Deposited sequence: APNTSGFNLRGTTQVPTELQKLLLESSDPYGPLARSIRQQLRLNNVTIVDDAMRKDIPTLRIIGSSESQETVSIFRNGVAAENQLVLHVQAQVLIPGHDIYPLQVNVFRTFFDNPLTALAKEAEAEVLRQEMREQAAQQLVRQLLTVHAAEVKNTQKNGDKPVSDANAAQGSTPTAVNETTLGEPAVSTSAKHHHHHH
């Protein structure tokens, strides 16, 4: 009825398989599924429940800007995540998520920067998870 109401994954309960079950990405995905009231069970074998398969993930880092002296100015971290949704009713629906961050480089504080990078990576993983959960909507329809 026209204007703003509060609502918004219909369907719940799924299986969760991953190449890296104990990795940080899998933890973020679990936290996010848990935040969306999705019960993650141990069944397999006798499926008749949708499954979320994390195929793998890759990280990247390139220079995206430089100063006048040729040294790097801004660096960009990239996270790619490939997933698959298997619903027993029909066929498999593939998912992909790409997340980006940017930070300035500093050769005089390298260690600090490394630390920063780690933080960023953490955040990125989390963000990936979010998108994944939201993309389950696209899988529903």
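- Of the deposited sequence, positions 1-6, 15-16, 150-198 lack any modelled C-alpha atom.
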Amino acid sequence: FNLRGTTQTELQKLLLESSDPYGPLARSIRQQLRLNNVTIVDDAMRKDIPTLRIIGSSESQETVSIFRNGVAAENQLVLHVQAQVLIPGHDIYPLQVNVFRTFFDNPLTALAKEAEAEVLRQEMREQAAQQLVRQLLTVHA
From here on, numbers count along this sequence of modelled residues.
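- Just going by the entry, 113-121 versus 17-25 on mean CA temperature factor gives the higher value to 17-25.
- Looking at mean Cα B-factors across 96-104 and 77-85, the upper value is held by 77-85.
- Per the PDB entry, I40 shows the highest C-alpha temperature factor of the residues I55, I40, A72, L52.
- Per the PDB record, residue ranking by Cα B-factor puts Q127 in the lowest third of the chain.
- For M45, the recorded CA B-factor ranks within the highest third of the chain. Only modelled residues enter the ranking.
- Per the deposited record, the Cα B-factor of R34 falls in the middle third when ranked against the other modelled residues of its chain.
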